[PDB]
Amino acid sequence: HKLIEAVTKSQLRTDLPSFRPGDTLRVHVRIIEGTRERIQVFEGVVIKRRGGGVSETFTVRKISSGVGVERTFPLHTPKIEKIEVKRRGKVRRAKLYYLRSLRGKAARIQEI
Amino acid sequence: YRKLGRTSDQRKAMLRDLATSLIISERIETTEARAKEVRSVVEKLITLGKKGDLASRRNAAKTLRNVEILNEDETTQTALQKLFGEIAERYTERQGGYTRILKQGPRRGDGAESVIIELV
Amino acid sequence: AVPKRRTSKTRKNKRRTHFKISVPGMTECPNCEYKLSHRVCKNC
Amino acid sequence: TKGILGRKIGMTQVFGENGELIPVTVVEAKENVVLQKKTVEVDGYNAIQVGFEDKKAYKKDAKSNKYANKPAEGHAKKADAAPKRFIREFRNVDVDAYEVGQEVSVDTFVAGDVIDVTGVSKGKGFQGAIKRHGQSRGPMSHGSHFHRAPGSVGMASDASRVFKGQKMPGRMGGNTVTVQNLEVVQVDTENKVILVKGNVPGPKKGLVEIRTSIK
Amino acid sequence: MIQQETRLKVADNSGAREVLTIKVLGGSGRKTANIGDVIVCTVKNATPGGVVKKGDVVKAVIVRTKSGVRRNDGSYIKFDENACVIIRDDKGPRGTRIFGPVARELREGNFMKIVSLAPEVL
RNA sequence: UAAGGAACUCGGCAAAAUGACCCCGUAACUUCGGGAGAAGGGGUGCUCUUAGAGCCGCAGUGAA
RNA sequence: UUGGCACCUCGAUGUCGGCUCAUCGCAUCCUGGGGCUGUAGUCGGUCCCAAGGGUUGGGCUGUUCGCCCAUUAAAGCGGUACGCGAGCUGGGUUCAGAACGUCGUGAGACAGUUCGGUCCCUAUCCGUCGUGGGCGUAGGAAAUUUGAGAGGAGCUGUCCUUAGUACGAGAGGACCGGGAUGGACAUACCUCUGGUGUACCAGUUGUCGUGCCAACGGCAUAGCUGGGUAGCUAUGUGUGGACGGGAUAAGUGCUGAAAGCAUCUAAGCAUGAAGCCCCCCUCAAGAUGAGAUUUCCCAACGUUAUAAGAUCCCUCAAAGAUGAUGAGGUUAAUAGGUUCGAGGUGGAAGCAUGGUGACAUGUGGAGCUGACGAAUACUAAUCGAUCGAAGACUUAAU
Ligand SMILES: CC[C@H]1OC(=O)[C@@](C)(F)C(=O)[C@H](C)[C@@H](O[C@@H]2O[C@H](C)C[C@H](N(C)C)[C@H]2O)[C@](C)(OC)C[C@@H](C)C(=O)[C@H](C)[C@H]2N(CCCCn3cc(-c4cccc(N)c4)nn3)C(=O)O[C@]12C
Ligand SMILES: [K+]
Ligand SMILES: [K+]
Ligand SMILES: [Mg+2]
Ligand SMILES: [Mg+2]
Ligand SMILES: [Mg+2]
Ligand SMILES: [Mg+2]
Ligand SMILES: [Mg+2]
Ligand SMILES: [Mg+2]
Ligand SMILES: [Mg+2]
Ligand SMILES: [Mg+2]
Ligand SMILES: [Mg+2]
Ligand SMILES: [Mg+2]
Ligand SMILES: [Mg+2]
Ligand SMILES: [Mg+2]
Ligand SMILES: [Mg+2]
Ligand SMILES: [Mg+2]
Ligand SMILES: [Mg+2]
Ligand SMILES: [Mg+2]
Ligand SMILES: [Mg+2]
Ligand SMILES: [Mg+2]
Ligand SMILES: [Mg+2]
Ligand SMILES: [Mg+2]
Ligand SMILES: [Mg+2]
Ligand SMILES: [Mg+2]
Ligand SMILES: [Mg+2]
Ligand SMILES: [Mg+2]
Ligand SMILES: [Mg+2]
Ligand SMILES: [Mg+2]
Ligand SMILES: [Mg+2]
Ligand SMILES: [Mg+2]
Ligand SMILES: [Mg+2]
Ligand SMILES: [Mg+2]
Ligand SMILES: [Mg+2]
Ligand SMILES: [Mg+2]
Ligand SMILES: [Mg+2]
Ligand SMILES: [Mg+2]
Ligand SMILES: [Zn+2]
């Protein structure tokens with residue numbers, strides 16, 4: 001009954017900080033396409049965590065030039081070099097979908 | 001889970017009524033599908049009664065009906081009190097399986113399978 | 001929507017070939033006449 | 001050239017060398033044994049017969065398929081093996097390279113092998129034309145009284161009949177399906193597991209047959 | 001997921017403000033376009049003084065979608081809006097400036113000038 | 001109900017949207033009554049003090 | 001097609017267009033093969049073979065038709081009651097109202113127009129799609145199978161390279177090969193992204209209850225709102241069809257006479273299409289021609305009881321309208337319960353503390369948790385009953 005876990009255990013990462021929805025993360029994402037491999041930081045608030053094991057994902061949202069952007073990552077993807085927990089948010093639900101229609105001050109998340 | 005030919009609210013109410021009736025009378029005759037559904041309800045209630053804490057009692061109060069039971073001699077108690085009193089003590093050392101279903105056969109009016117479900 | 005021709009006696013009985021009931025699944029009561037299998041006596 | 005029997009456990013994902021996401025199907029292929037060699041001389045064609053999952057030994061008054069009956073017990077005992085739940089033939093193998101009674105481990109397949117996976121698709125029950133044959137609905141408004149019906153089933157006086165093969169409601173699913181050119185992602189000797197790229201037919205716990213791709 | 005009659009904001013300074021998708025290019029029966037695809041569209045709203053006038057039928061490349069795209073590593077990017085950039089025949093933008101972030105996928109389509117002009121590529 | 005938003009269809013048919021109360025604001029035209037609820041905006045929960053100060057939620061005519 | 005004829009139907013053969021669903025022809029729109037060219041190349045023109053597959057989304061109009069916008073490899077022409085209303089619609093057309101123009105003294109009418117205007121039917125037979133029971137298949141049975149035969153599939157774009165080469169003043173720009181990658185379509189599947197998720201978690205309004213507080217229950221679309229497991233799912237994730245062999249079409253030949261020559265043909269010998277038969281997928285021995293392999297079982301006197309093997313009955317789900325199929329039936333994990341997990345929700349109650357209070361913090365990633373996983377006989381799969389062979393004959397090899 002634990003075959004899936006047994007064969008996907010080697011895929012899991014152990015260098016991952018603890019975080020919950022509402023936290024502000026700095027995600028250091030590897031970019032390999034082009035002529036060189038480099039690192040682009042994506043900073044935003046975690047609006048979603050879902051799944052379990054190797055299939056777990058999380059979603060981060062930021063505003064770039066006034067346009068909302070969301071990146072969803074597999075939690076254990078090798079493409080992520082590291083994650084910093086920059087801020088800890090005070091929120092009341094697991095999914096922060098209500099942020100999607102909020103802008104500016106109304107979209108602010110109180111820190112802990 | 002079975003729908004029992006009823007809407008969700010009606011089914012929930014019927015299951016509460018059947019569970020309280022079973023707790024009170026300790027042995028009831030119903031149809032096969034209703035009994036197979038209510039065994040789970042009644043046994044989870046008995047689990048709460050064995051737990052015994054205040055939160056368990058209130059969770060049990062979410063499901064039980066407000067019925068009164070006249071005991072041996074003009075002394076009253078509620079179905080919730082019986083569930084957390086005599087019934088819970090009866091099954092302290094039994095790990096699940098507090099009910100049993102005995103089939104009786106079809107009944108005249110509609111050919112439905114009548115069964116007895118009783119506390120063990 | 002409606003039968004074009006009436007159904008003969010032969011065709012009707014052919015169709016009723018499978019229209020029947022079966023003997024109940026019944027067992028002798030070792031101590032308590034006969035009973036349905038996996039049912040209690042409920043009268044003995 | 002190769003074949004093995006297994007049960008579908010479920011779907012998961014692994015990360016490739018380049019960090020690419022590879023959805024995979026976990027197939028558990030323990031306990032495979034060659035039960036019989038069929039040859040051109042005796043049977044008219046060459047194949048090996050492979051039993052997959054061990055059953056309980058025969059007992060009197062057995063009521064279910066969990067226990068081998070006497071014919072099955074004798075057939076398996078002829079190969080010095082326990083009776084098996086599933087038995088299938090592989091005509092794509094080399095009959096010479098197998099001995100009756102030998103095991104068929106997962107290690108017969110290697111990472112990067114291209115395989116064909118055969119299984120029985122999930123059942124759907126009685127289904128209408130819209131779901132079973134991908135047909136279009138009629139209008140949902142504008143006075144329509146035609147939503148999920150199959151539509152016209154023929155022409156007229158010519159031909160005064162419905163042609164064979166007209167697509168109609170009926171039982172859907174539960175058919176044998178072969179998915180070609182899947183790949184072996186990983187073979188794990190412990191747990192006797194083969195990781196297959198992509199999805200394969202059937203419900204969880206269903207039997208699947210894995211063969212080296214014919215194409 | 002852009003189809004016929006989908007309206008998209010324009011993310012350049014060509015003079016078009018909003019366009020309406022007339023056609024998704026790329027083969028018969030194609031219904032949907034996404035980031036990096038080329039569409040035919042008409043200008044519904046335009047800024048006065050701009051090069052591209054209301055009513056013109058033009059070609060645009062999609063640079064932002066709400067549906068977003070899935071990348072090979074199992075990661076996704078989605079945007080809060082659908083936006084496109086009006087392009088010439090040789091894939092160069094008709095305007096001089098690009099507004100808003102654009103997806104990395106435009107590199108694969110060789111929309112390199114649009115990529116260079118964008119404030120952010122994600 | 002994703003994305004789209006009349007591409008449906010003879011026709012937006014049907015559905016969706018609007019909707020109560022209080023306060024701003026309101027065009028052409030006009031028989032000077034009207035048009036007009038034009039349009040378009042804002043507010044609303046709970047606690048305390050005498051209009052402010054707070055408290056909670058995604059959301060306060062929180063349903064109809 | 002417009003007609004001509006008036007042979008079936010006036011004790012009724014529903015008319016146009018669209019929708020749904022197709023099916024057939026080839027006089028071929030695309031794609032494949034080829035001859036001629038006033039064929040340099042890139043493109044074309046014309047003719048021959050070829051029906052395998054493919055062959056579009058809008059504006060206007062009831063429209064068919066047609067014009068237009070934007071695509072596409074292409075947007076072929078036809079038959080099937082101008083295919084399809086006991087499958088749908090009902091905009092148009094042969095209905096009662098009304099109006100205009102016009103005609104008529106008039107009632108009224110129309111090489112006309114305009115607004116409005118009931119689409120009934122529980123499928124008996126054949127036909128079709130699925131799914132069972134009987135018997136047969138020279139003993140009975142369990143499983144694995146061959147494949148006579150049948151169905152399915154069959155499309156194609158762009159880019160790179162060859163090569164800026166051949167061709168060509170130039171402009172321009174290849175055939176043949178090599179590689180990459182899409183559109184449409186089909187199919188499987190739920191890891192992912194999402195949808196749903198009426199016995200999952202939470203917030204919240206009105207009102208009535210559980211005597212009151214607190215905590216809860218009922219009703220209001222599941223009262224409403226934010227999320228959401230399994231399952232089922234597409235817009236999501238995989239996979240498939242550009243192959244190879246054989247025989248051919250139009251063609252192209254070689255050898256070669258009749259007919260000293262010439263000649264693809266008359267005898268022979270080749271070569272040559274997305275087309276044919278196979279190669280790929282599925283079904284398939286009621287294939288009454290009823291096939292094959294392995295294993296199991298073996299009775300006496302039509303009867304009675306049996307063997308292998310099954311069923312009845314019962315617990316069920318991966319299966320399912322019901323049958324059927326599959327997992328199990330105590331020598332037992334089949335379901336329920338119980339205990340522990342995954343996932344979901346997001347911080348229970350009670351109590352303490354702070355605050356006038358609304359509330360906040362702590363105890364504490366808490367409490368709760370359908371369908372998912374494991375363990376555990378606590379509950380239910382009791383007892384029992386029913387069906388079920390004994391292998392015919394004739395001739396040949398041994
Ligand atoms: C909806 C029910 C009616 O069906 C229809 O109206 C239709 C849709 F079924 C219909 O029109 C059929 C199809 C007609 O037949 C066609 O006649 C054409 C001339 C020729 C055609 N073919 C041969 C080419 C025939 O098929 C005709 C004549 O009905 C008028 C059939 C005859 C036998 C006929 O009169 C029958 C008896 C007709 N009728 C008069 C209705 C008369 C109209 N009506 C009355 C009512 C009503 C009355 C009382 C209460 C309520 N609530 C409603 N509703 N509608 C009824 O009372 O019932 C039905 C069956
Ligand atoms: K209430
Ligand atoms: K608490
Ligand atoms: Mg989670
Ligand atoms: Mg039910
Ligand atoms: Mg209700
Ligand atoms: Mg449609
Ligand atoms: Mg309807
Ligand atoms: Mg929607
Ligand atoms: Mg939406
Ligand atoms: Mg809109
Ligand atoms: Mg339209
Ligand atoms: Mg249309
Ligand atoms: Mg309406
Ligand atoms: Mg109101
Ligand atoms: Mg407010
Ligand atoms: Mg004629
Ligand atoms: Mg005559
Ligand atoms: Mg007539
Ligand atoms: Mg008649
Ligand atoms: Mg021809
Ligand atoms: Mg063809
Ligand atoms: Mg065509
Ligand atoms: Mg017709
Ligand atoms: Mg009609
Ligand atoms: Mg008809
Ligand atoms: Mg009409
Ligand atoms: Mg006159
Ligand atoms: Mg009208
Ligand atoms: Mg065959
Ligand atoms: Mg036949
Ligand atoms: Mg191609
Ligand atoms: Mg899942
Ligand atoms: Mg999901
Ligand atoms: Mg209270
Ligand atoms: Mg009441
Ligand atoms: Mg046979
Ligand atoms: Zn009895």
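For the numbers below, each heavy atom of this structure counts, side chains included, while hydrogens, waters and symmetry mates do not. Labels below follow one simple rule: chain letters A, B, ... track the order of the sequence lines, proteins then strands, and each chain is numbered from 1.
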What verdict does the side-chain contact (heavy atoms from CB on, under 4.5 Å) test give for B:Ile117 and B:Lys36, after you've listed the backbone C-alpha separation in whole Å, the side-chain angles of each residue and the deciding distance to 0.1 Å? CA-CA 9 Å; B:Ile117 175 162; B:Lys36 275 182 190 188; over 6 Å; no
Under 3.5 Å, is there any donor-acceptor pair linking the side chain of C:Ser37 to the base of G:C313? no
Modelled atom types, side-chain donor and acceptor of D:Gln180 and D:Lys215, under 3.5 Å: yes
Could you check how far CD1 of A:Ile47 sits from P of G:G227, rounded to whole Å? 11 Å
For G:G240, take OP1 and OP2 only and decide whether either is under 4.0 Å from a side-chain N or O of D:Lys215. no
Answer with base, sugar-phosphate or nothing: what part of the nucleic acid does D:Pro169 contact at a heavy-atom distance below 4.0 Å? base
Side-chain ion pair, E:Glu81 and E:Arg64, N-O less than 4.0 Å: yes
Would you name the heavy atoms of A:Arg93 and A:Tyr98 that are closest together and state the gap between them? CD-CE2, 3.8 Å
Nucleotide nearest B:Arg100 when distance is taken to its side chain, options G:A380, G:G183, G:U71: G:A380
Partners passing side chain to side chain contact (heavy atoms under 4.5 Å, CB included) against D:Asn175 (at least two apart in sequence or in another chain): D:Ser121
Is the base of G:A188 stacked on the base of G:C189, in that the six-ring centres lie under 5.5 Å apart and the planes are under 30° off? yes
Within the 4.0 Å heavy-atom criterion, would you say D:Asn65 contacts the bases, only the backbone, or no part of the nucleic acid? sugar-phosphate
Have a look at C:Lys12 and say if it touches a base, only the backbone sugar-phosphate, or nothing, with a 4.0 Å heavy-atom cut-off. nothing
Using a cut-off of strictly less than 4.0 Å, decide whether C:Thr27 has a side-chain nitrogen or oxygen near OP1 or OP2 of G:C383. no
Looking at D:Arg171 and G:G323, is any side-chain donor or acceptor paired with a base atom of the opposite kind under 3.5 Å? yes
Which atom names give the shortest non-hydrogen contact between D:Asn181 and D:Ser213, and what distance separates them? OD1-CB, 3.6 Å
Find the distance D:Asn69:CG to G:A142:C1' and express it as a whole number of Å. 5 Å
Can you measure D:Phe146 atom CZ to G:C84 atom P for me and round it to whole angstrom units? 16 Å
With the 90 degree cut-off around zero defining syn, does G:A169 come out syn or anti? syn
Out of G:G218, G:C121, G:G329, which has the shortest distance to the side chain of B:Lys12? G:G218
Check residues 48-59 of chain A and write down every donor-acceptor pair under 3.5 Å in which the side-chain atom is one partner and the other belongs to a residue at least two apart or another chain.
from    : atom 1 : to      : atom 2 : distance (Å)
A:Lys48 : NZ     : A:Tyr97 : OH     : 3.2
A:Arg49 : NH1    : A:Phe19 : O      : 2.6
A:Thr59 : OG1    : A:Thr72 : OG1    : 2.7

Base, sugar-phosphate, or nothing: which does E:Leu25 touch, judged by heavy atoms less than 4.0 Å apart? sugar-phosphate
To the nearest Å, give me how far apart NZ (D:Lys66) and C1' (G:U331) are. 9 Å
Answer with base, sugar-phosphate or nothing: what part of the nucleic acid does D:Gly138 contact at a heavy-atom distance below 4.0 Å? nothing
Need one value for D:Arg91: base, sugar-phosphate or nothing, where a base atom within 4.0 Å counts as base even if backbone is also close, heavy atoms only. sugar-phosphate
Going 5' to 3' through nucleotides 186-198 of chain G, assign each nucleotide B (protein heavy atom under 4.0 Å from a base atom), S (under 4.0 Å only from sugar-phosphate atoms) or - (no protein heavy atom that close). --BBSBBSS---B
How would you label the glycosidic angle of G:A188: syn (within 90° of 0) or anti? anti
Measure the distance from NZ on B:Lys44 to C1' on G:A199 and round it to the nearest whole Å. 11 Å
Looking at G:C281 next to G:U282 in the strand, do their six-membered base rings stack, centres under 5.5 Å and planes under 30°? yes
Any N or O donor-acceptor pair under 3.5 Å from the base of G:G328 to the side chain of D:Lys63? no
Length of the CG-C1' vector between B:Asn66 and G:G211, whole Å: 12 Å
Confirm or reject stacking between G:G127 and G:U128, applying the criteria of under 5.5 Å between six-membered ring centres and under 30° between their planes. yes
Considering only G:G238, G:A70, G:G328, which nucleotide approaches the side chain of E:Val57 most closely? G:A70
Using only modelled atom types and a 3.5 angstrom limit, is any donor from either the side chain of D:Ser141 or the base of F:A14 paired with an acceptor on the other? no
Base-pairing assignment for G:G238 (Watson-Crick or G-U wobble, both under 3.5 Å): G:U187
Between the side-chain atoms of C:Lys35 and the base atoms of G:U382, is any donor-acceptor pair under 3.5 Å? yes
Are any of the side-chain nitrogens in D:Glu89 or D:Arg91 under 4.0 Å away from the carboxylate oxygens of its partner? no
For a salt bridge (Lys or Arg N to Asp or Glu O under 4.0 Å) check, start with the C-alpha distance between E:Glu18 and E:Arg7, then their side-chain angles and the critical distance, and finish with the verdict. CA-CA 7 Å; E:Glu18 172 190 83; E:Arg7 281 181 188 233; 2.7 Å; yes
Measure the distance from CG on D:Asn92 to P on G:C281 and round it to the nearest whole Å. 10 Å
Closest to the C:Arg39 side chain: G:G217, G:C129, G:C313? G:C313
Within 45° cone and under 6.0 Å: D:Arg211 NZ/CZ vs D:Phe90 ring: yes
Looking at G:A333 and its strand neighbour G:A332, I'd like to know if their base rings stack, meaning the ring centres are under 5.5 Å apart and the planes differ by less than 30°. no
Between G:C316, G:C125, G:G127, which one does the side chain of C:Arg11 approach most closely? G:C125
B:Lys103 has its side chain closest, among G:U315, G:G238, G:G133, to G:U315
Classify the nucleic acid contact of B:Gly97 as base, sugar-phosphate or nothing, counting any heavy atom under 4.0 Å across all strands shown. base
Taking NZ from D:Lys167 and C1' from G:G152, how many angstroms apart are they, rounded to a whole number? 9 Å
When we call it a touch if two heavy atoms are under 4.0 Å apart, what does D:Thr176 touch: a base, just sugar-phosphate, or nothing? sugar-phosphate
Partners passing salt bridge (charged side-chain N to carboxylate O under 4.0 Å, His left out) against B:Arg2 (at least two apart in sequence or in another chain): B:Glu37
Are E:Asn34 and E:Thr65 linked by a side-chain donor-acceptor pair shorter than 3.5 Å? yes
Side chains of residues 124-134 of chain D: which donor-acceptor pairs under 3.5 Å do they make with residues two or more places apart or in other chains?
from     : atom 1 : to       : atom 2 : distance (Å)
D:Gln127 : NE2    : D:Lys124 : O      : 2.9
D:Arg132 : NE     : D:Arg171 : O      : 3.4
D:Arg132 : NH1    : D:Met168 : O      : 3.0
D:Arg132 : NH2    : D:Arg171 : O      : 3.4
D:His133 : NE2    : D:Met168 : N      : 3.4
D:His133 : NE2    : D:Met168 : O      : 2.9

Heavy atoms under 4.0 Å, any strand shown: does A:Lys95 hit a base, just sugar-phosphate, or nothing? sugar-phosphate
Closest to the 5' end of RNA chain G, once B:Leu4 and E:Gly29 are matched to their nearest nucleotides, is E:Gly29
On the side chain of D:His142, is there an atom forming a donor-acceptor pair with the base of F:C8 - under 3.5 Å, no angle test? yes
Nucleic acid footprint by protein, nucleotides 58-64 of chain F - heavy-atom cut-off 4.0 Å, B for base, S for sugar-phosphate alone: B------
Checking all strands, does D:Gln166 fall into the base, sugar-phosphate, or nothing category for heavy-atom contacts under 4.0 angstrom? sugar-phosphate
Categorize D:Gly206 for me: base, sugar-phosphate, or nothing, with a 4.0 angstrom heavy-atom threshold over every strand shown. nothing
